[PDB]
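1. quick one, fold the following:
(chains A, B, C, D, E and F, ligands or ions: 4)
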Amino acid sequence: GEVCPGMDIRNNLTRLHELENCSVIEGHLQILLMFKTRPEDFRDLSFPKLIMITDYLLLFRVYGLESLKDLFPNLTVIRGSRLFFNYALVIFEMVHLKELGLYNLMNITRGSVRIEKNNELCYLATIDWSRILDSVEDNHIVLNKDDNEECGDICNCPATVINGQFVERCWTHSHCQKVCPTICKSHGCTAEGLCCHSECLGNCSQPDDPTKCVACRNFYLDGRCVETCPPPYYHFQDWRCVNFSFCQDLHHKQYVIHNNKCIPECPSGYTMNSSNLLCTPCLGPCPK
Amino acid sequence: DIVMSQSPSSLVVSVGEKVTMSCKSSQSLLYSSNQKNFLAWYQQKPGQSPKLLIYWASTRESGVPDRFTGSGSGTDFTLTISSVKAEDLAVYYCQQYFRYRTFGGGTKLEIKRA
Amino acid sequence: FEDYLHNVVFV
Amino acid sequence: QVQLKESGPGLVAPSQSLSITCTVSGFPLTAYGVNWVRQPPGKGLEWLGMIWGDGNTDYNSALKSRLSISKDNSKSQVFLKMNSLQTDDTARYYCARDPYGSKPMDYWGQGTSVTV
Amino acid sequence: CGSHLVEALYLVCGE
Amino acid sequence: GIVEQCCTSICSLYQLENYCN
Ligand SMILES: *[C@@H]1O[C@H](CO)[C@@H](O[C@@H]2O[C@H](CO)[C@@H](O[C@@H]3O[C@H](CO)[C@@H](O)[C@H](O[C@H]4O[C@H](CO)[C@@H](O)[C@H](O)[C@@H]4O)[C@@H]3O)[C@H](O)[C@H]2NC(C)=O)[C@H](O)[C@H]1NC(C)=O
Ligand SMILES: *[C@@H]1O[C@H](CO)[C@@H](O[C@@H]2O[C@H](CO)[C@@H](O[C@@H]3O[C@H](CO)[C@@H](O)[C@H](O)[C@@H]3O)[C@H](O)[C@H]2NC(C)=O)[C@H](O)[C@H]1NC(C)=O
Ligand SMILES: *[C@@H]1O[C@H](CO)[C@@H](O)[C@H](O)[C@H]1NC(C)=O
Ligand SMILES: *[C@@H]1O[C@H](CO)[C@@H](O)[C@H](O)[C@H]1NC(C)=O
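-> Residues are numbered from 1 along each chain as shown, chains lettered A, B, ... in the order given. Ligands and ions are numbered 1, 2, ... in the order given. Pasting the structure now:
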């Protein structure tokens, strides 16, 4: 689709239209501090094209916003390559938010979820997070309306054993949380329950097909999900493959190469040879 | 392209036994970024087109029996067939797919009768 | 943490 | 339905060029690589070249621009074109698929015979 | 002063 | 900065005005 940069959206909602054609945000997305906004600015607004965030997602003090079901309906993976504190999703002092509605979110690789101080917010205990996050031990969901034992939560849907009882799992009144059979793992499945291809991540339009993933599990290159970037391609942003040329062009006006990865910085013990961008170990001590 | 060399040109064996043939490259084939070696083994039952067996030198392809066992790392590789069954007769080749691809000189398996 | 949050969300 | 089938002319007189069409079906050429390998009867299997998803090309250095590999992805065709052949080029030619990132060479053609 | 610092910063802005 | 400038330390106006969007 489109790959755009990590963005930081504040004050006027109008900045939000930068994302219109975007499919993957390479980096993080932060939408915050909007105090004059009203429900009606959101009841006609959507980003069905956003499928993936590489780093983290953070919503904070966005008023008038009541569900995310129309805003990011098709966001499916958050990869958490870089985290906010230790979180890959932060929902914080989101006054007005009632329900989450990320019914397409299937996996948060790496990070944890922190959803705090959201009076109004329910449909939280109706989510099985362990089907989405690797580590839920570090989840931090407190001080929401859900913690008043007094939530009008209603959903068909399936139940998991999180307590000492099974619990129906859904995002909104009209969307179930999708659960793939245990043995599909993270790879996703069709509505019937045929596992997607093993190099796919959350979902697929067709089964058994590495070009028909909705979000690559390992790395993306030339339409296909692959296990690893072959030379002459390099690991970038830890989700996609690129050639030397791409990596170089970005460096010049601070990207470098090491371990067959294209990265901002040489790691310790290494200095950057100028002829080839390749990090080399130091002759004696490293000035760096 | 680099240069690949096998041994032997051919071997012979009978039913029940384990078998190991060799290969070598002029440059190291271990990929740093994932710790896998970029080498393949293919079986070619004779007169027919070859068939994929084992990639990353240890990953078994779908539809391959567990009797087939790939080994080695760096520049030096070997392929192992544990317990021979009748039609296991084929010529086996090593392919590097690290940079470009080049195949080995190949090595033949024959079976003992009369 | 709220501490962290502020120190990082501010031009 | 992953399939490759080679269309060779079969017979070529010396000093003339070779044009083979590998017709693949069941997958998109924009997303996989395609290799060419030949074998003279009971001799070696020889890597000739490959064309990646993005149009990028690899050739055996032995082929001093004797080899040109190009593609028509909209009509699922891969073209090998090799100039001024001699009798030592008498071999069976295969194209085979290449899932580069994830696999090496899965799915082979049945092969086409070419004689000089 | 956590939450209030947020409140207080806004009154200041109108921006 | 801020959390240190205006919370541990107790702040004043300008301190905030400077930080405005
Ligand atoms: C969501 O999907 C993923 C599949 O993409 C699924 O499995 C997890 O995959 C990740 C990433 O591929 C695994 O992470 C690595 O595993 C090794 C195992 O030994 C770790 O040591 C690694 O640590 C290194 O990498 C870190 C981040 O990449 C570095 O920051 C660090 O310095 C280390 O060098 C690394 O974490 C992960 O292990 C699996 N998870 C499990 C439990 O197997 C995941 O389960 C899916 N989640 C859900 C809920 O479906
Ligand atoms: C290395 O990789 C990069 C990124 O993958 C390659 O960029 C690719 O090349 C061209 C040139 O910029 C891109 O656009 C082209 O632009 C013109 C518009 O005037 C258009 O007519 C062409 O049809 C084409 O779209 C192309 O989209 C882009 N591809 C990808 C996958 O990102 C770069 O070319 C690569 N370098 C080498 C040497 O292979
Ligand atoms: C979205 O797509 C079309 C394609 O040309 C363009 O007219 C429009 O301005 C694009 N918007 C963004 C934010 O890229
Ligand atoms: C997955 O993608 C398919 C095809 O676009 C779609 O039918 C489905 O709504 C998506 N999401 C889930 C959770 O199945």
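2. quick check: closest non-adjacent residue to residue 3.
-> In the absence of a named chain, this looks at chain A. residue A:24 (4.8 Å; Cβ to Cβ, 6 or more residues apart in numbering or on different chains). Quick note: C-beta positions are derived from backbone N, CA and C, even for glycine.
3. can you look at chain C instead?
-> The nearest residue in space to residue C:3 (Cβ to Cβ, 6+ apart) is residue F:3, at 4.8 Å.
4. contacts only, for that neighbour.
-> By Cβ atoms under 8 Å, 6 or more residues apart in numbering or on different chains, the contact set of residue F:3 is C:3, C:6, C:7, E:5.
5. thinking again about what came up before, so the residue nearest to residue A:3 bridges to which residues?
-> residue A:3, residue A:52 (DSSP bridges).
6. check the gap between the residue nearest to residue C:3 and residue A:255 for me.
-> Separation of residue F:3 from residue A:255 (Cβ to Cβ, to the nearest Å): 32 Å.
7. pull out the buried members of the contacts of residue F:3.
-> C:6, E:5 (16 or more other Cβ atoms under 10 Å in any protein chain shown).
8. and the contacts of residue F:3, which two are furthest apart?
-> Greatest spacing in these, by Cβ to Cβ: C:7 and E:5 (10.8 Å).
9. ok and the residue in chain C nearest ligand 1?
-> residue C:4 (19.5 Å; Cβ to the nearest ligand atom).
10. residues in contact with the closest residue to that residue other than its chain neighbours?
-> Nearest non-adjacent residue to residue C:4, counting by Cβ to Cβ, 6+ apart: residue A:85, 5.5 Å away. The contact partners of residue A:85, by Cβ under 8 Å, 6+ apart, come to A:114, C:1, C:4, C:5.
11. and the second one, how many neighbours?
-> It stands for residue C:1. 14 (other Cβ atoms under 10 Å in any protein chain shown).
12. show me what residue of chain A gets nearest to chain D.
-> residue A:226 (2.4 Å; Cβ to the nearest Cβ).
13. any idea which element the nearest residue to that residue once chain neighbours are set aside lies in?
-> In space, not counting the residues next to it along the chain, residue A:226 is nearest to residue D:101; the distance is 2.4 Å by Cβ to Cβ, 6+ apart. For residue D:101, there is no enclosing helix or strand under DSSP states H and E.
14. show me how the record splits chain A into domains.
-> Split into domains by CATH domains of a matching chain, chain A comes to A:1-179, A:180-288.
15. so for residue B:60, which of these sits nearest?
-> That would be domain A:180-288 among the domains of chain A, by Cβ to Cβ, at 14.2 Å.
16. hmm, the closest one in reach of ligand 4?
-> Yes - using Cβ under 6 Å from any ligand atom, we find that domain A:180-288 touches ligand 4 at A:203, A:205, A:214.
17. in strands, which of those residues appear?
-> Using DSSP state E, no member of those sits in strands.
18. among the residues you listed, which ones are buried?
-> A:203, A:214.
19. distance to residue A:106 for the residues of domain A:180-288 next to ligand 4 - can I get that in TSV?
-> Listed next are the residues of domain A:180-288 next to ligand 4 as TSV, based on distance: Cβ to Cβ, whole Å:
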residue	distance to residue A:106
A:203	6
A:205	14
A:214	9
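20. using TSV, lay out the residues of domain A:180-288 next to ligand 4 together with distance to chain D.
-> Below are the residues of domain A:180-288 next to ligand 4 laid out as TSV (distance: Cβ to the nearest Cβ, whole Å):
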residue	distance to chain D
A:203	19
A:205	14
A:214	16
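21. closest one of the residues of domain A:180-288 next to ligand 4 to ligand 2?
-> residue A:214 (19.1 Å).
22. which ones are touching that closest one?
-> Residue A:214 makes contacts with A:51, A:76, A:188, A:200, A:201, A:202, A:203, A:204, A:205, as judged by Cβ under 8 Å, 6+ apart.
23. which of the residues you listed are buried?
-> Buried among the contacts of residue A:214 by 16+ other Cβ under 10 Å: A:51, A:76, A:188, A:200, A:201, A:202, A:203, A:204.
24. re earlier: between residue C:7 and residue E:5, what contacts are shared?
-> The contact lists of residue C:7 and residue E:5 share F:2, F:3, where a contact means Cβ under 8 Å, 6+ apart.
25. could I get the buried ones among the contacts of residue A:214 as a markdown table with distance to chain C?
-> Output for those, formatted as a markdown table (distance: Cβ to the nearest Cβ, whole Å):
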| residue | distance to chain C |
| --- | --- |
| A:51 | 26 |
| A:76 | 26 |
| A:188 | 33 |
| A:200 | 34 |
| A:201 | 28 |
| A:202 | 28 |
| A:203 | 32 |
| A:204 | 36 |
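26. quick check: the residue nearest to residue C:4 vs chain F, distance?
-> 13 Å (Cβ to the nearest Cβ, to the nearest Å).
27. get me the contact residues on chain D for chain A.
-> D:27, D:28, D:30, D:31, D:32, D:52, D:53, D:54, D:99, D:100, D:101, D:102 (Cβ under 8 Å from any Cβ of the partner chain).
28. again, but for chain C
-> Residues of chain C lying near chain A (Cβ under 8 Å from any Cβ): C:1, C:4, C:5, C:8, C:9.
29. buried ones among these?
-> Looks like these have C:5, C:9 buried, using 16+ other Cβ under 10 Å.
30. and the residue of chain F at minimum distance from ligand 1, its phi and psi?
-> Residue nearest to ligand 1 within chain F (Cβ to the nearest ligand atom): residue F:3, separated by 26.8 Å. In terms of degrees, to the nearest 10, the main-chain angles of residue F:3 are phi -60, psi -20.
31. got a ChimeraX select line for the buried ones in the residues of chain D next to chain A?
-> Buried subset of the residues of chain D next to chain A, written as a ChimeraX selection, criterion 16+ other Cβ under 10 Å:
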select /D:27,30,31,32,52,53,99,100,101,102
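32. coming back round to it: so which of the residues of domain A:180-288 next to ligand 4 comes closest to residue D:42?
-> Taking Cβ to Cβ as the measure, residue A:205 is the one of the residues of domain A:180-288 next to ligand 4 closest to residue D:42, at 46.3 Å.
33. tell me how far the nearest residue to the closest one once chain neighbours are set aside lies from residue D:103.
-> Excluding the flanking residues, the one nearest residue A:205 by Cβ to Cβ, 6+ apart is residue A:212, at 5.1 Å. Relative to residue D:103, residue A:212 is positioned 17 Å away (Cβ to Cβ).
34. ok, those two, which is more surrounded?
-> residue D:103 (21 against 17).
35. over to that one. Which of the three states is it?
-> coil (DSSP: H, G, I helix; E, B strand; the rest coil).
36. which residues touch the residue nearest to it when sequence neighbours are not counted?
-> In space, and not counting its chain neighbours, residue D:103 is closest to residue B:55: 5.7 Å by Cβ to Cβ, 6+ apart. Residues in contact with residue B:55, defined by Cβ under 8 Å, 6+ apart, are B:40, B:61, D:103, D:104.
37. coming back round to it: closest to ligand 2 among the contacts of residue F:3?
-> Among those, and counting by Cβ to the nearest ligand atom, the member closest to ligand 2 is residue C:7, at 36.5 Å.
38. which ones are touching that closest one?
-> By Cβ under 8 Å, 6+ apart, the neighbours of residue C:7 are F:1, F:2, F:3, F:4.
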